[PDB]
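First comes one chain, alone, set out as structure tokens in the form deposited in one PDB entry.
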């Protein structure tokens, strides 16, 4: 028995665990055997091909009771959506600027490696205890190759999906940039645009509707609104890259990971008090 499997993580099939020999904490995803095992292998391979501090690491796999268990890097503060849910508070512009700067470095790395995450959302941006954001959940990630310059699979989570992904015209890495723009709105408002309507109705509206904006635009700085606008350019050919968005005034002016300390402490404290009452 290599791992001591502890509680289920988040607000789900990922569990916290301790490597008995080293004391090291890991996150282990329990794959239900009814999953398409060919998709699981593409996922694992994409994670193995990544060596970046801004991308969650894959450690290994094991079979137990017919299940495949995937051992991955554990990020102490949980996902951005978990932190929003635990504190019952949206994030400040400064907290968003800092998280999106680290998220953009992970996107820049992935896009250099010709990978499209295809599922960028606050739920897939994880923070370690020190406050560093990591791209996670490569379950739906796509790989561009010399023979495949564009992907065609209509996949992702509907509210965050780029118009060109839905249009079935072929798309590339900048589809993650549109998802990043929706994620910025989600971190500021608690939910993406169209969250209250059916996801299949959102699928139909996204290619025809003008780019989404903040629900109350007057509440946000000009740099934040312009950053969201640059992410949500409907033409993928004209859309800014992760490298270019790292130079946007909203991102360039991001304070260090130090400004996330209170955010992380308050969320972890809520989680600990919730666990203490369950005993």
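Rigid core here is just the name for the largest C-alpha set that superposes within 1.5 Å across the two forms. Residue numbers count along the first chain shown, from 1.
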Original post:
Counting only residues from the deposited sequence, how many are left out of the model between residue 11 and residue 12 (none, 1 to 3, 4 to 9, 10 or more)?
Top reply: 1 to 3
**OP:** Return whichever of 192-200 and 114-122 has the greater mean Cα B factor according to the PDB record.
**Re:** 192-200
**OP:** Would you mind comparing 205-213 and 181-189 for me and telling me which has the higher average C-alpha temperature factor in the entry?
**Re:** 205-213
Original post:
Which of these has the highest Cα B-factor in the record: 94, 176, 146, 164?
Top reply: 146
Subject >> Chain-wide C-alpha B factor ranking for residue 66, given as lowest, middle or highest third >> reply: highest
Original post:
Taking the C-alpha B-factors as the PDB entry records them, is residue 87 in the lowest, middle or highest third of its chain?
Top reply: highest
Original post:
Can you tell me which third, lowest, middle or highest, the CA B-factor of residue 108 falls into for its chain?
Top reply: lowest
**OP:** Ordered by C-alpha B-factor within the chain, which third holds residue 33? Give me lowest, middle or highest, please.
**Re:** highest
**OP:** Report the third (lowest, middle or highest) to which the CA temperature factor of residue 137 belongs, ranking only the modelled residues of the same chain.
**Re:** lowest
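There is another form of this protein, the form deposited in another entry, and it is not shown here; the text below is about that form.
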Subject >> Core-superposed comparison between the shown form and the other one: the option from 230, 213, 30, 244 whose CA moves 2 angstroms or more >> reply: 30
**OP:** Look at residue 42 and decide if its Cα position differs by 2 Å or more between the shown form and the other one after superposing on the rigid core.
**Re:** yes
Subject >> C-alpha of residue 20 moved at least 2 Å between the shown form and the other one on rigid core >> reply: yes
Subject >> Outcome for the Cα pair residue 81, residue 39 in the other form, compared with this form (closer or farther; change of 3 Å or more) >> reply: closer
Subject >> Distance trend in the other form - C-alpha atoms of residue 123 and residue 38, change of 3 Å or more >> reply: closer
